[PDB]
Amino acid sequence: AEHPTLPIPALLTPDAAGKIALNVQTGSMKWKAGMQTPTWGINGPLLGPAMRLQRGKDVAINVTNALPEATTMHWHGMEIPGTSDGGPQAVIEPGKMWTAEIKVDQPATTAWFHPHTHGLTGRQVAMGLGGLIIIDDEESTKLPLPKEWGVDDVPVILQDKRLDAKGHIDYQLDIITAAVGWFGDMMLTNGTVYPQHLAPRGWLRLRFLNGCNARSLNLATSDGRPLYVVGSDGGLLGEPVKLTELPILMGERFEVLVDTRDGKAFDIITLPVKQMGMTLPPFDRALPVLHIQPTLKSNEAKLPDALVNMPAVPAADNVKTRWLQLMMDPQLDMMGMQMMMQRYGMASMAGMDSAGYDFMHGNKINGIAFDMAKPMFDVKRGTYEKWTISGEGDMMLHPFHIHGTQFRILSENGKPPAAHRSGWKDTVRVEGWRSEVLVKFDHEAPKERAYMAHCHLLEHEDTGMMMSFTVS
Ligand SMILES: [Cu+2]
Ligand SMILES: [Cu+2]
């Protein structure tokens, strides 16, 4: 067999009482011969279950902390009130249980969940915490898309990790990772190195998630067969997008369709990206992350000409704007790259080049390294706003994530959004230039449980590149 079977997260629907029980517990995985790596998982030794929720239905998620240290649980992509998201203002202490009441009110999507612990988000995600949120609505159900979970509707969580000599997860929040992020030399696909999936002939639906702390990926097929993007971060697109290459940022989700009709086996590969620290082996060349082997069986699934009603971007005439300036300390930034170059070689650079030595507060937004006690502003609920997030005077990649909403990108790093990226998204690329998004917060977030907006390169977020804001 050699290629191990791609693990499928257990589907988890709400019980009769309308509740979902999540147990954040310790475990272990086997990735290197000899030693077993100590890991953390939700309802298991690594990653988590796929919570399937129906639009309109209420649910109370009961997160119990079976870990030696405190953790939190962000429902990434959920249009919910701040009083239900749980971040640094809703800490789940060891041995205790935290409840999150959610009333699903958003299109059918592949959303996800992960810890959002103050200054430890990168560490806890690297440790193996994470999981999926499958939202179903009426409009999507009518479509002839693959629906058989784990057979033709398959989740693909792509994460990179690095192990030490003692077979432990080598996580660091040091001078290097504060600048370029935590990258590894091992490529996990649902926690498995190069898995294999047996799919029926016809159409294969892959719910992709870039669960890397800092690594951006560029998905493609081994034989050059196109990938049909049908869904983005917060819902299906208006119509599918035919692509040969699909770049995916940290915390992004792309639902794609692949033609398995010919029955030929092929690989889902990741192409080397132009990002600092990410060009080292095994990522220096095209890397197969998932082997697809078509079975003799078939499905009646088809690629629809039109998916769902995609509203037009409203012309927000005199809406409030917000300038969010991401900032990095050059003195620390330079030391990080010098240390990266020394430890990993010149290849690390990927062909590239008000202060303090406060590495834990080196990265900021609008001059401030995340102050939980001071939200930047208050937004009126149900109003449109035009937010510009800038990354000038800094060459790093910043996938900007915004809590409690799904937005439409107006400008992505200068140029307009790509075909697939013009739908509903909660993450926007900010790399060396400025981006503009059209946001609207339909749910409140008080000072006590405020929303956040941060860079999804977890190490930048843990070193201060995060801001909070209220909605009322
Ligand atoms: Cu997230
Ligand atoms: Cu960043």
# chains A, B, ... in the order shown; residues from 1 in each chain; ligands from 1

$ residues_near_ligand --ligand "ligand 1" --cutoff "7 Å" --atoms "only C-alpha atoms and all ligand atoms" --output "count of residues only"
6

$ select_by_dssp --residues "stretch 104-154 of chain A" --states "strand (DSSP E or B)" --output "PyMOL selection string"
chain A and resi 109-114+131-136+149+153-154

$ residues_around --residues "residue A:388" --least-positions-apart "6" --cutoff "6 Å" --atoms "only C-alpha atoms" --output "PyMOL selection string"
chain A and resi 323+435-436

$ residues_near_ligand --ligand "ligand 2" --cutoff "10 Å" --atoms "only C-alpha atoms and all ligand atoms" --output "NGL selection string"
:A and (178-181 or 214 or 326-328 or 363-364 or 391 or 394-400 or 429-431 or 454-466)

$ closest_residue --among "A:75, A:40, A:194, A:208" --to "residue A:129" --atoms "only C-alpha atoms"
A:40

$ closest_residue --among "A:325, A:141, A:192, A:109" --to "residue A:157" --atoms "only C-alpha atoms"
A:192

$ atom_distance --atom1 "atom CA of residue A:348" --atom2 "atom CA of residue A:281"
9.8 Å

$ closest_residue --among "A:444, A:252, A:174, A:385" --to "residue A:234" --atoms "only C-alpha atoms"
A:252

$ select_by_dssp --residues "stretch 77-208 of chain A" --states "alpha helix (DSSP H)" --output "list in words"
residues 121, 122, 123, 124, 125, 126, 138, 139, 140, 141, 175, 176, 177, 178, 179 and 180 of chain A

$ atom_distance --atom1 "atom CA of residue A:375" --atom2 "atom CA of residue A:434"
22.1 Å

$ residues_around --residues "residue A:306" --least-positions-apart "4" --cutoff "10 Å" --atoms "only C-alpha atoms" --output "MDAnalysis selection string"
chainID A and resid 143 230 237:240 310

$ write_last_selection --atoms "N, CA and C atoms" --output "mmCIF file, in the first residue's frame"
data_model
loop_
_atom_site.group_PDB
_atom_site.id
_atom_site.type_symbol
_atom_site.label_atom_id
_atom_site.label_comp_id
_atom_site.auth_asym_id
_atom_site.auth_seq_id
_atom_site.Cartn_x
_atom_site.Cartn_y
_atom_site.Cartn_z
ATOM 1 N N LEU A 143 -27.997 21.422 -5.539
ATOM 2 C CA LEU A 143 -26.965 21.269 -6.561
ATOM 3 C C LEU A 143 -26.439 19.848 -6.697
ATOM 4 N N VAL A 230 -15.207 25.861 -6.873
ATOM 5 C CA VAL A 230 -16.639 26.072 -6.708
ATOM 6 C C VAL A 230 -17.011 26.807 -5.415
ATOM 7 N N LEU A 237 -19.202 30.006 -5.030
ATOM 8 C CA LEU A 237 -19.123 31.109 -5.984
ATOM 9 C C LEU A 237 -20.420 31.162 -6.834
ATOM 10 N N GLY A 238 -20.576 32.200 -7.654
ATOM 11 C CA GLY A 238 -21.729 32.304 -8.542
ATOM 12 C C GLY A 238 -21.697 31.242 -9.627
ATOM 13 N N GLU A 239 -20.490 30.901 -10.082
ATOM 14 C CA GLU A 239 -20.209 29.904 -11.105
ATOM 15 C C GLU A 239 -18.760 29.402 -10.926
ATOM 16 N N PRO A 240 -18.462 28.159 -11.338
ATOM 17 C CA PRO A 240 -17.104 27.624 -11.146
ATOM 18 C C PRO A 240 -16.009 28.360 -11.907
ATOM 19 N N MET A 310 -24.820 34.829 -6.540
ATOM 20 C CA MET A 310 -23.762 35.643 -5.963
ATOM 21 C C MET A 310 -24.174 37.089 -6.134
#

$ atom_distance --atom1 "atom CA of residue A:71" --atom2 "atom CA of residue A:118"
9.1 Å

$ residues_around --residues "residue A:152" --least-positions-apart "3" --cutoff "6 Å" --atoms "only C-alpha atoms" --output "JSON, numbers by chain"
{"A": [146, 148, 199, 204, 205]}

$ closest_atom_pairs --of "stretch 101-164 of chain A" --to "stretch 286-289 of chain A" --cutoff "12 Å" --atoms "only C-alpha atoms" --output "JSON lines"
{"residue": "A:156", "atom": "CA", "partner": "A:289", "partner_atom": "CA", "distance": 9.5}
{"residue": "A:157", "atom": "CA", "partner": "A:289", "partner_atom": "CA", "distance": 10.3}
{"residue": "A:158", "atom": "CA", "partner": "A:289", "partner_atom": "CA", "distance": 8.0}
{"residue": "A:159", "atom": "CA", "partner": "A:289", "partner_atom": "CA", "distance": 10.1}
{"residue": "A:160", "atom": "CA", "partner": "A:289", "partner_atom": "CA", "distance": 10.7}
